[PDB]
Amino acid sequence: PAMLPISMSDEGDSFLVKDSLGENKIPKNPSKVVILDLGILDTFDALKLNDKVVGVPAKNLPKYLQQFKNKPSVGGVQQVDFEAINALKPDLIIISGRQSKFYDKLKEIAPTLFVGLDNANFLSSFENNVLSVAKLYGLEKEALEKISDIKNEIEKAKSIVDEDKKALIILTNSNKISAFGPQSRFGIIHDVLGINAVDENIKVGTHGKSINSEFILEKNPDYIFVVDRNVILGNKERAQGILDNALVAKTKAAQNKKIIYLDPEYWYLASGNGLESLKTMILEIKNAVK
Ligand SMILES: O=C(NCCCCCCCCNC(=O)c1cccc(O)c1O)c1cccc(O)c1O
Ligand SMILES: [Fe+3]
């Protein structure tokens, strides 16, 4: 079933808000927001809300968000510094799926809004997250224009896609490989941009289905989209070395130089959950397959 969305009613100087984790009273125009979703951080920047941001997970701050490098840190996306959050005295904390498990602890500190994406309904959830944040600040007009521009980009990207080619999405960690299909955390490649999948039913898991290079060759993708989690975790291994092997070399993707190394900060950290990231990621795909 679809994830429950964020819903809100206007309460004068505040909103009454419900999402899939719970209910909150959120002040209008919140002044001190701790943001633990990197995509939503980029939406705050797109909406010119940088001064509302009181703290960010500096351990995982992407290259494309370095304008937030002066903000107080609240740790990393997987290493949340609850003391730092408390010390910032936020009026609102914004989380996604990585921090759901700490919901009760965060809500003790301040109202806690969940903005995770629904992998089965990416665009609907994406719009709900953007427009909910925009509603808090009265920025619906600006947000809607930016969403309309993204939808136009989606159409332009779709128009260049080759109906007869198929792709596989993989993730590398350590010297290991895992795979992702349609309606996964990386599913927009298939679900929104219409690139065909080599396998419609790849076993779901947060960090993917363990596979070997024999599987890659068996599926013989035209494109391989690679997300190197090693870069995010600080491990020394790299995808370019893992995939330089005799099995992968026999794929159409290798033979046509269509092993595409996706920017892991966008794909794995932001997850396309921002006005900036999603636009940039659509272009990244388009330019890789045109
Ligand atoms: O809830 C999540 N992960 C919890 C994992 C807890 C146990 C393993 C922790 C050590 C391994 N993970 C990392 O060291 C890591 C570091 C930065 C960002 C990540 O996403 C990471 O998994 C999670 C949710 C959505 C997307 C993700 O991807 C996640 O993980
Ligand atoms: Fe993770």
Side-chain angles (χ1 to χ4, degrees), residues 2-6 19-22 34-43 55-66 68-69 73-82 84-85 93-107 112-122 125-126 128-129 169-175 177-189 191 202-208 210-211 225-235 237-239 242 261-274 277-278 281:
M3 184 189 71
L4 286 155
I6 303 160
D19 57 43
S20 58
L21 301 183
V34 165
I35 301 180
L36 283 164
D37 185 284
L38 287 56
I40 291 293
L41 186 56
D42 94 42
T43 289
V56 301
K59 293 181 189 284
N60 303 109
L61 187 66
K63 184 186 174 170
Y64 88 97
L65 292 167
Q66 293 295 294
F68 291 107
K69 73 175 67 185
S73 186
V74 299
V77 295
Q78 294 281 357
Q79 295 173 239
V80 176
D81 186 341
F82 297 96
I85 298 175
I93 302 162
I94 303 181
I95 64 162
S96 61
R98 289 175 176 96
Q99 306 86 29
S100 297
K101 68 184 69 68
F102 302 119
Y103 184 67
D104 287 357
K105 192 172 186 172
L106 289 164
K107 198 166 183 182
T112 296
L113 177 68
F114 181 72
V115 294
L117 284 163
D118 184 348
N119 294 346
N121 299 283
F122 173 86
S125 65
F126 172 88
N128 180 234
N129 292 337
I169 308 164
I170 66 172
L171 182 142
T172 54
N173 195 56
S174 189
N175 64 343
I177 310 167
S178 62
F180 292 82
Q183 296 197 333
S184 70
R185 68 187 297 167
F186 309 122
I188 63 170
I189 288 164
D191 305 328
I202 294 169
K203 186 77 173 190
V204 172
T206 298
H207 303 94
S210 176
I211 58 153
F225 292 102
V226 182
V227 179
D228 195 356
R229 183 172 180 256
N230 285 304
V231 173
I232 302 304
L233 271 59
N235 297 323
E237 297 76 17
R238 295 287 182 271
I242 292 159
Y261 295 95
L262 293 177
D263 185 311
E265 292 180 338
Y266 285 86
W267 292 83
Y268 188 76
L269 288 177
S271 307
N273 201 24
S277 48
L278 175 56
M281 290 163 69

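Excluded from the calculations below are hydrogen atoms, water molecules and symmetry mates; all remaining heavy atoms, backbone and side chain alike, are included. Every number for a ligand or one of its atoms is a count from 1 in the order of the listing. For the single chain, residues carry numbers from 1 onward in sequence order.
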_Residues forming a ring-ring contact (aromatic ring centres under 6.0 Å, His included) with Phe186, sequence neighbours excluded_ = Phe180
*Answer yes or no: are there more than 12 heavy-atom neighbours, outside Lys63 itself, under 6.0 Å from its atom NZ?*
no
*asked:* Can you tell me how the ring of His207 sits relative to the ring of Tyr268, calling it parallel under 30°, perpendicular over 60° and tilted otherwise?
replied: tilted
*Checking side-chain hydrogen bond (donor to acceptor under 3.5 Å, both in side chains) for the pair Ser96/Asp37: CA distance, chi angles, key distance, verdict?*
CA-CA 6 Å; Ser96 61; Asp37 185 284; 2.7 Å; yes
_Any residue meeting ring-ring contact (aromatic ring centres under 6.0 Å, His included) with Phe122, in chain and number order, not counting sequence neighbours_ = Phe126
*Considering the options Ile170, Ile189, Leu171, which one meets the side chain to side chain contact (heavy atoms under 4.5 Å, CB included) requirement together with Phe225?*
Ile189
*Indicate yes or no for a side-chain donor-acceptor contact from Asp42 to the backbone of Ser277 under 3.5 Å, with no hydrogens or angles considered.*
yes
_Is it the case that the side chains of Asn119 and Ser184 hold a donor-acceptor pair, with the cut-off being a distance below 3.5 Å and no angle test?_
no
*Tell me how many protein N, O or S atoms are closer than 2.8 Å to the Fe ion (ligand 2).*
2
*asked:* Which protein residues come within less than 4.0 angstrom of ligand 1, counting heavy atoms only?
replied: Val77, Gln78, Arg98, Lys101, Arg185, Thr206, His207, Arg229, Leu233, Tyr268
*asked:* Can you confirm whether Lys59 is buried at NZ, in the sense that more than 12 heavy atoms of other residues, nucleotides or ligands lie under 6.0 Å from that atom?
replied: no
